[PDB]
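Below is one structure, written out as structure tokens; the observations come after it.
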Amino acid sequence: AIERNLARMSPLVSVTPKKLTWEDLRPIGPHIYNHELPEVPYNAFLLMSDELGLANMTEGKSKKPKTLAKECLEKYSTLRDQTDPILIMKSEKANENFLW
Amino acid sequence: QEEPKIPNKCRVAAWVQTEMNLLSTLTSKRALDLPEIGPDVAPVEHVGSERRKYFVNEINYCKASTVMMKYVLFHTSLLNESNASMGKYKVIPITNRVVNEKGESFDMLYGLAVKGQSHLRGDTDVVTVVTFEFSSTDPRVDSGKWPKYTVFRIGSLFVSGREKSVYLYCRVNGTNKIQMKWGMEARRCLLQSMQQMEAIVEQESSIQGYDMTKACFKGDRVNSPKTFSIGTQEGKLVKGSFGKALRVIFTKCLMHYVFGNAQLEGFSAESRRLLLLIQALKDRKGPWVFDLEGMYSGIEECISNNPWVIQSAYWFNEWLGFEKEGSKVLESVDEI
Amino acid sequence: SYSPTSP
Amino acid sequence: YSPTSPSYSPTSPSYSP
Amino acid sequence: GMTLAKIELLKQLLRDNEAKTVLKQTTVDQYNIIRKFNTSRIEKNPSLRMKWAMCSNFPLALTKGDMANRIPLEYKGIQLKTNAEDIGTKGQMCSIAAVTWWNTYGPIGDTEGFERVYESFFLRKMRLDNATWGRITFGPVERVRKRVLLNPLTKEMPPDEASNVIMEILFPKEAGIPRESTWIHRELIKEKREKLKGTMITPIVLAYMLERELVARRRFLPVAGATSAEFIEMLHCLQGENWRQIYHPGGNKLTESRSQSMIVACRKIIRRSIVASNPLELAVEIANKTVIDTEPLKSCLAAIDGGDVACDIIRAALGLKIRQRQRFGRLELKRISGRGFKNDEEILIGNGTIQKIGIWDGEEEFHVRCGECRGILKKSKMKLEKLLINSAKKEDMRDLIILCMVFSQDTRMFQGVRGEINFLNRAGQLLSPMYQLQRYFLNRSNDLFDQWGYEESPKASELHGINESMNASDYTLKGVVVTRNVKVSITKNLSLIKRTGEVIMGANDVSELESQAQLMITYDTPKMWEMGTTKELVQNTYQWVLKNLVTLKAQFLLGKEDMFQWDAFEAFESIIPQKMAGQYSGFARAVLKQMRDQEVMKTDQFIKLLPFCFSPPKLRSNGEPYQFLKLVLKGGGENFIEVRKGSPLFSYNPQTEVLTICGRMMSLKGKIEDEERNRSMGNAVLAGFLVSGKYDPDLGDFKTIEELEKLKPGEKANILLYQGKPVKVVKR
Amino acid sequence: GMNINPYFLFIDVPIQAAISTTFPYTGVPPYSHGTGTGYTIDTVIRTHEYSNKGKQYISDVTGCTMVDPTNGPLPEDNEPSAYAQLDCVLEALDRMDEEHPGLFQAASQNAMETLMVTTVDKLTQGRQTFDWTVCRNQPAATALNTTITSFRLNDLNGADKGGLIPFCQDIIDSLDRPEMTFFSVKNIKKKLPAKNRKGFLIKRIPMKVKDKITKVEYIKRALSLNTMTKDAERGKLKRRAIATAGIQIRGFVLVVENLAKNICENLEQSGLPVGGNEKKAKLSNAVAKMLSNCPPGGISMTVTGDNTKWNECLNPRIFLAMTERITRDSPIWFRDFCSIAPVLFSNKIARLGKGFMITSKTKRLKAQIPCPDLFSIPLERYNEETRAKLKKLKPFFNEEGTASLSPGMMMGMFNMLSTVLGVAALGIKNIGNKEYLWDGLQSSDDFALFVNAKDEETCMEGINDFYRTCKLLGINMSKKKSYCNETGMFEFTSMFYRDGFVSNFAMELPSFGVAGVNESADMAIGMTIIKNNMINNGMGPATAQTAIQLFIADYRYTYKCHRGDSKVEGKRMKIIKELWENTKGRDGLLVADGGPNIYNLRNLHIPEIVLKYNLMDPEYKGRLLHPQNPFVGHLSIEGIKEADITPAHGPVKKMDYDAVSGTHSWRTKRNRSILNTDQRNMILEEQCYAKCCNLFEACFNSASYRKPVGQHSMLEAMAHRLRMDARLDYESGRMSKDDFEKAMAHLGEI
RNA sequence: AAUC
RNA sequence: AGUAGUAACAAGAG
RNA sequence: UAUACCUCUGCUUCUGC
Ligand SMILES: *O=P([O])([O])OP([O])(=O)O[C][C]1O[C]([N+]2=[C]N([C])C3=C2N=C([N])[N]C3=O)[C]([O])[C]1[O]
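The listed protein sequences derive, respectively, from chains B, R, H, X, U and V. Each residue of the first sequence is one higher than the one before, starting from 238 at the first, in the entry's author numbering. Each residue of the second sequence is one higher than the one before, starting from 388 at the first, in the entry's author numbering. Each residue of the third sequence is one higher than the one before, starting from 21 at the first, in the entry's author numbering. Each residue of the fourth sequence is one higher than the one before, starting from 31 at the first, in the entry's author numbering. Throughout the fifth sequence, residue numbering follows the entry's author numbering, covering 0 to 485, 496 to 741 in sequence. Each residue of the sixth sequence is one higher than the one before, starting from 0 at the first, in the entry's author numbering.
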């Protein structure tokens, strides 16, 4: 029956195979090289390489997060007591005033 | 019924490369909070201890290691507030405990964050978090990196000697119960990287018949240090240490989380099929295909607006080109 | 004890 | 000898003239 | 007065309309359906839900009792529990702080007979406590995936048999129909009761802990020379792929387990010693320094009364009396007279299939035994003749007759196989065809007797036969009778000879079965790598070639062929089928000479073949050596060294100059000639054959090994090295 | 500047050796948001898209639109095809019986004999099941109970007999009933006396009401499948839909699957139902033989294969034919039994989830549109994507808001039986006596075909035949995902081969974290996962020791149980710090009580409570392991040893661990969302059964251990026991004359 | 010298 | 807004 | 309407083999 069916079945049905040669492997993602599209933005939850930690040498004991964040800002008082907003970059749909 | 919003198409961006190159690099600051362990008795545990002294510290003393420990410790506290103080708006700090070469606990603060109302019923239900983060980076330099961010100048610091201006990157972001949990379990980035390289240490330890850890990293009497193809220099390959090749994977494993979504999974899955077909040609196992263009459409429809996917697509095309050049050495073998 | 290096 | 040392490995079969 | 309370609590319940109807309508079978009834959905992310739930105020649920009320509502300004009751427990909900409180300031409970209840676990610790650790060795380890026992048991039983024993200990009255199993394990039941007497722990916990130390936990694990449970429990610290660690587990070890490892140890020694000139000298060397866990092989062979052919051969070589005592499960035989020879036959069975079984020829006599009962047995090639036995238990005499019939390999026994038997494993592995048939007829014995035959009893002084029912009857089984009464020297090539020059055992009499040990076999000899497995020896050998490739390649190119026969390559020969070993050497020695003489050298191919050139060579009739496509080795379809191509064992990458030996990658950079990168393989692929030009369409299709061997010198031919590399080669 | 590229590792190390680094399992898996109706309808359309050239007819039973592809016209394109010819299946099945002699009748016997022994409670051990009574998914144990109680009203007490056969006999009979009545609890007010101003209070009591449905309605509900979307499905961009089965169908599937399972075990070229090391052991030998048996001076090629649209093509009517062939020697009662499950799937109905949500962005409003009200709205308000789908659904759509899905295997469930149909293709081995020999492996949809022939030109022609052979069974090979290469390396069910199956640590990585059972259980699980990965998935001692470190971290933060000497602030940590000061043997304290972590590579297999028992204070160990502590509760035989684990590949299999039952072995509060819904009434229903069962366990202690047997009344059992207990205690002298008469008096009333 |  | 990505959440209910 | 700046809820508005 299988013999009879593979006989009467259309040759169009096939895996149509081809041996792979290196120059068949065209580079993946043609669009990512096109400059018409916009540069992909940073969309990570926190900052990574660009991050900047304020060093506050501890008394070798664990403290509450609020107290820690306090003492860390107590040292860097110049930044903690900067009440004057000097805007540099603004997000398309954001509020300079509310954020600050 | 409104039309569904589709991820828009982006192009390659250098900041992803730059992130990779920097996160890989070594520092003088150990972040990882690796707790105590039982005492060593079995000689396997004594080898296991030594192997770590090289493997762990190679990660610990790198940039990615601290960034990872930040995300974990933040996502930990952020989830704790989200359940405890559901109705209350709370100011959560971006804490991280660090230890220097001399051995002193330097508590860091990368900025302040604000968690909104967190009545999170479903796992996918979103709690809006607003991030205010310190930075030495001028956003005008690479403008196209920070469409989402809003930056203020808030003073200056003389960290090196030059008056390096301190900025404040402000952004309205969002997380959910799942991401916050998967964040707390981002320490397992160590294991995926450490095993992969301990395997190569074992493989080589078999051949020389002694612990080739010390030998692989730096080298000893008989054996010189292991070296890997690691990166490019204006279109010409460069070699790097085992210690670097370790960190490059550890970084990748962290980026897998930091840019983890449906776009990455779909790409990672379909791109393996091509990675194997390439290995077949490298092994000279005459590989055959039935529909390549169809197999490509599967890989290419996963590239939209994931930084890591878009850069991995580039890196893959770069690596393919280098392997495509190496092929020319073989095609002219056993044909005299 | 180990202490890593780079270029 | 420590497992990290090259002298830890066994006195293997070496060839001689 | 517990009885009164239960009745009064049953009264209170039956006054409720809902409870009344439920207890009337629900059957004892249906109990298992109403118990699993609740509002609780299955949590398909318990990792998340827990981390979340832990950040709530009152995640936990207390059980409504006086002990729940012992907890205060708050402590030092901390909310321990809440007044609001849980839906499930019908009791006050509480925080994780409530747990920590209880463990700190809570009431001090009664921990009497805790170590006796949780014995199974404390033993597991006691084994690690009293254990001693050896030394870590770095080098290849071939790992086999065998079905092993995870945890050591107190006394092994099937699930059903243990379940009843547990019932008799904890829940006597519910137990039900008393089986014979009760009387068999009566001593264990009595012992467990006395140990679990003064304990407050919940029965369900005791049942669970007992079920652990009775029911078997057998699952597939990758192992290497350690199958004993007390090793398998430590399997993580025993060995990896590319490392090994010696570990002596404390407490006690079994005699059977020692005897098991004792055999494989000898079988491994002999199988290796066979190939070396003066095997005895090499066998004696290793045998002395061979260790089973801690006890040396000699001490084991001296202490244990039993083993196989291989054990006796070594026993003689060390200088000990040989116990010619073959064992077939429960059956323990001892040779009196005769000597049999194993031959693989295609035996047909009753159900309607064919199975390769190693049949034993010649007439022999054995002194059989099975528990309390004893006897003497005689048999011929696939037939039982005479079976004398004494009177003891009915079941011991019943089992002894079944074992002897299966042992005899009588064509009437195989005809009795009318059911289902598994000779192949679930994982496509092989199961011992004789040891499978023994298990079948032990339980289902009704077919065996019926399918055998019957005749009249013997009529002598003390000879009186027995029937199927095992009673002194007239119609006894065909060739069965019951009665009322019960130095050597070894050769150079490992053979046991009497004073009359009669050989009783040889090196071709030991089993060709390569099987895992139960305990850990440690060879206290610097050449211990030689006793290793195929893939272990293959890898270790090729490493020695590379370790001295400088001096080896040099002295060979000068002329000296003294490396061909080098200590290293002797161990490698013992994992070659000792039948084409010389023919391989014949081929390899020719192709190697054809590289240094012709000056078409290929260092990768030199390294590949040099190990095969230890065996004294064997050429064809007309002087030419044998030709090959691939060189086959002991065990597995994986193990071969393709000559024209690369193989799973040995492969070379020209591009990177990387040599992959059983997965492990070495580098041949700075050990290859610059001109060599061009030099074709066609020249060093067939002995007395060298490349002329490129594939000539005239000559026709590629020629077989046979077609290439039968060609007169100075005839051109077409060979295919590896897919898409045609060559035009001529005979020198 | 030096530009790092991570792929450049693949220059030094080959892909398979370092495949672990191509799996992003530190990241978050894809989840589904909102409805799954658009995903379900897509499946509904696509299932009929591959069967549209078959035979379309109207079911005289249901009155639905049915589609039959089987024995349809053969395809003239490479598009998926359900057009499987009956003869070509029967031939491939015959070929299997020839190659494996008397396996069918042998497998049928084993299953048939098991069916007789199988109890009704076997249907309790399942996941969320569709409950026809309330028309919502519920636990299998409840979904079963609701059906038994409902069947008792319509007068079908086959369940009471204890066997599954008479209960299955009731299910097929329940279709014949003209009306099917079922309880539907409805609230009633009731004044109760209290200490109020007006001394009383109103308590809304539940009252069971007898609600009926027609013959047709029940028949459809019985054939209905409830659809969702696959959440946490790895290595996939876009999402896909799945379905849950009813309590009726679940009975017959268990037998047919058990039947195919018996065949599969004995079949050589099957990856199921074997698993773990046993799976590798088989595939290794299979590969070794399939490698070393090949003709010398030829080429052995491995097709790393995969079938697309597996469930969407495979027809139940082919699966029906399979059972009839397998049960040919078995008796006529068993033939008809195995025939039901496929017959139900042949006329199955698909429930289209929740529906579609519509919103005005300006007004800022939203509202769910139920599936019955899909065509209530003009289709101009639905978006292009949904508009096209809803039009294509129309000729299959029912008024009650369901879709007639006669073709395909929406839910699946037939994995073992679907593997066999695959093996049957691998059994053929040749077509037209050509110069090739194929033979492969099968794990449901996943396959790996080996081909031994003269040259590669012949091999590919041999593969082309397999492709065209599989089309006649209803198996469509994925030209996209499937690829071929010379034997030596291949992929089969996320297992990567390269002259031996290579280690892939990233697959098992998610399991290393806190599983979330409880403190005492999660510790055991945590170490047992570490030690089992050192064995099976090749984790070196350095990474293994780090995996212990990284666990205690996740453990201490999750359960907020840091060391006593550490000064980390927290509600619990305050009492932990006092325990550290109070306790002398601080090494005896568990990690969950702010004690030190003493675990290493060697002692992973030993429980934490046992390791420290000798080092504990006499007071602390008393508290920790108090026999009558309130935290632990009524332990179930499964509740102590076993616990769920979800690996990223196969179904959720429950592994077993070793832990001591102490204060830390607690349970969490029940989800309290039920209190606000009308489902409240089930809380009373539960606590009612709870009382009965808990009182039964007080009479029969072995009930907790081994399943009680008996077709008699649950009260009758409790009566006779408590009668004897009282009589024997009196005659022995544990019971007094005062208590015995009172006992006999109370039992006298019953 | 296995099966369970 | 933002998260996010083929459909949701940006609190629900009495 | 109203109580309601009150009350309840955080997987139980469908998670299969
Ligand atoms: O372990 P083996 O491969 O050697 O095979 P098996 O199963 O027969 O081993 C059991 C033991 O019994 C001995 N045996 C078996 N038969 C039937 C005979 C013998 N020995 C002799 N002399 N005559 C027999 O007829 C095996 O030798 C083995 O020790």
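All residues carry an ideal CB built from backbone N, CA and C; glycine is no exception.
**Prompt:** Quick one: Cα of U/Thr99 to Cα of V/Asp154, how far?
**Reply:** Along the fifth sequence, one-based indexing puts residue 99 of chain U at 100. Along the sixth sequence, one-based indexing puts residue 154 of chain V at 155. About 54 Å.
**Item:** Neighbourhood of U/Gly337 by C-beta, 8 Å cutoff - its chain only, sequence neighbours within 5 removed
**Value:** As a position in the fifth sequence, residue 337 of chain U is number 338, starting the count at 1. Same-chain partners within the cutoff: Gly361, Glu362, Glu363 and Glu364.
**Asked** Any Cβ of chain X within less than 8 Å of the Cβ of U/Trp553?
**Response** Reading the fifth sequence from its first residue, position 544 is the one you call residue 553 of chain U. So, interface residue.
**Message:** So that I know if they touch, is there some Cβ in chain R lying closer than 8 Å to that of V/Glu490?
**Reply:** Here residue 490 of chain V is taken as the residue at index 491 of the sixth sequence, counted from 1. Chain R, which has a Cβ nearer than 8 Å to the Cβ of V/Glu490, makes this yes.
**Asked** Closer than 7 Å: is that where the CB of U/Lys740 sits relative to any heavy atom of ligand 1?
**Response** Sequence index remark: in the fifth sequence, residue 740 of chain U carries index 731 (1-based). No; taking the cut-off as 7 Å, the Cβ of U/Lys740 has no heavy atom of ligand 1 nearer than that.
**Prompt:** Mind checking if U/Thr560 is an interface residue toward chain X, Cβ cutoff 8 Å exclusive?
**Reply:** The count along the fifth sequence starts at 1 and reaches residue 560 of chain U at position 551. Yes, contact with chain X.
**Request:** Indicate whether U/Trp101 and V/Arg585 have their beta-carbon atoms separated by less than 8 Å.
**Result:** Position 102 of the fifth sequence, counting from 1, holds the residue named residue 101 of chain U. Position 586 of the sixth sequence, counting from 1, holds the residue named residue 585 of chain V. No; because the gap between Cβ atoms is not below 8 Å, this pair is not in contact.
**Item:** Where the region 620-637 of chain R meets chain B: residues whose CB sits under 9 Å from a CB there
**Value:** none
**Asked** Under a CB-based cut-off of 8 Å, is X/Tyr45 close to chain U?
**Response** To locate residue 45 of chain X, count along the fourth sequence from 1; it is residue 15. Answer yes: the Cβ-Cβ gap between X/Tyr45 and chain U drops below 8 Å somewhere.
**U/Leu61 vs U/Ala52 beta-carbon contact at 8 Å** = As a position in the fifth sequence, residue 61 of chain U is number 62, starting the count at 1. As a position in the fifth sequence, residue 52 of chain U is number 53, starting the count at 1. For U/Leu61 and U/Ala52, no; Cβs fall outside 8 Å.
**Check whether U/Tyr207 and V/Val659 have beta carbons under 8 Å apart** = Position 208 of the fifth sequence, counting from 1, holds the residue named residue 207 of chain U. Position 660 of the sixth sequence, counting from 1, holds the residue named residue 659 of chain V. The answer is no: Cβ separation not under 8 Å.
**Asked** Any idea what DSSP makes of V/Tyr496, helix, strand or coil?
**Response** As a first step, residue 496 of chain V is located in the sixth sequence; it is residue number 497 there, counting from the start. Strand, per DSSP.
**Item:** Sequence-distant residues of its chain with Cβ nearer than 7 Å to U/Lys617 (five each side left out)
**Value:** Here residue 617 of chain U is taken as the residue at index 608 of the fifth sequence, counted from 1. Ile650 and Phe659, listed in sequence order.
**Request:** State the DSSP-derived secondary structure class of R/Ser492, mapped to helix, strand or coil.
**Result:** Taking the second sequence and counting its residues from 1, one reaches residue 492 of chain R at position 105. It is a strand residue.
**Asked** Which whole-angstrom value is the C-beta distance of V/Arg679 and V/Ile673, which I expect to be below 8 Å?
**Response** In the sixth sequence, residue 679 of chain V corresponds to position 680, counting from 1. In the sixth sequence, residue 673 of chain V corresponds to position 674, counting from 1. Contact flag correct, Cβ pair sits at about 7 Å.
**Request:** From the DSSP output, read off the bridge partner residues of V/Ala402.
**Result:** In the sixth sequence, the residue the question calls residue 402 of chain V occupies position 403. The partner list for V/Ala402 (beta bridge, DSSP) reads V/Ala349 and V/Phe396.
**Prompt:** Taking the continuous beta strand (DSSP E) assigned at V/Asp655, which residues delimit it?
**Reply:** If you number the sixth sequence from 1, residue 655 of chain V lands on position 656. Unbroken beta strand (DSSP E) run through V/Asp655: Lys652 to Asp655.
**Prompt:** Counting along the chain, where does the beta strand (DSSP E) carrying V/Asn136 start and finish?
**Reply:** Position 137 of the sixth sequence, counting from 1, holds the residue named residue 136 of chain V. First-last of the beta strand (DSSP E) with V/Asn136: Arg135 to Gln137.
**Message:** Between V/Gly512 and ligand 1, is there a pair consisting of the residue's CB and a ligand heavy atom that are separated by less than 7 Å?
**Reply:** Numbered from 1 along the sixth sequence, position 513 holds the residue referred to as residue 512 of chain V. Incorrect: V/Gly512 has no Cβ contact closer than 7 Å to ligand 1.
**Message:** With a threshold of 8 Å, are at least 3 pairs of Cβ atoms found where one atom belongs to the region 27-36 of chain U and the other to the region 110-130 of chain V?
**Reply:** yes
**Close Cβ partners of U/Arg653 (< 7 Å) along its chain, the five nearest in sequence each way excluded** = What you label residue 653 of chain U is simply residue 644 of the fifth sequence in a count that begins at 1. So the qualifying residues of the chain are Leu638, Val694, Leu730 and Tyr731.
**Message:** In whole angstroms, give me the CA-to-CA distance for V/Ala424 and V/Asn77.
**Reply:** Reading the sixth sequence from its first residue, position 425 is the one you call residue 424 of chain V. Reading the sixth sequence from its first residue, position 78 is the one you call residue 77 of chain V. Rounded to the nearest angstrom, the two C-alpha atoms are 18 Å apart.
**Request:** Look at R/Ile424 and V/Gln548 and say whether their C-beta atoms are less than 8 Å apart.
**Result:** In the second sequence, the residue the question calls residue 424 of chain R occupies position 37. In the sixth sequence, the residue the question calls residue 548 of chain V occupies position 549. For R/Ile424 and V/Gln548, yes; Cβs fall inside 8 Å.
**Item:** Near-chain R residues of the region 659-689 of chain U - C-beta to any C-beta below 9 Å
**Value:** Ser660, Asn662, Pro663, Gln664, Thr665, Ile670, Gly672, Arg673, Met674, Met675, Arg686, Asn687, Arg688 and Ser689
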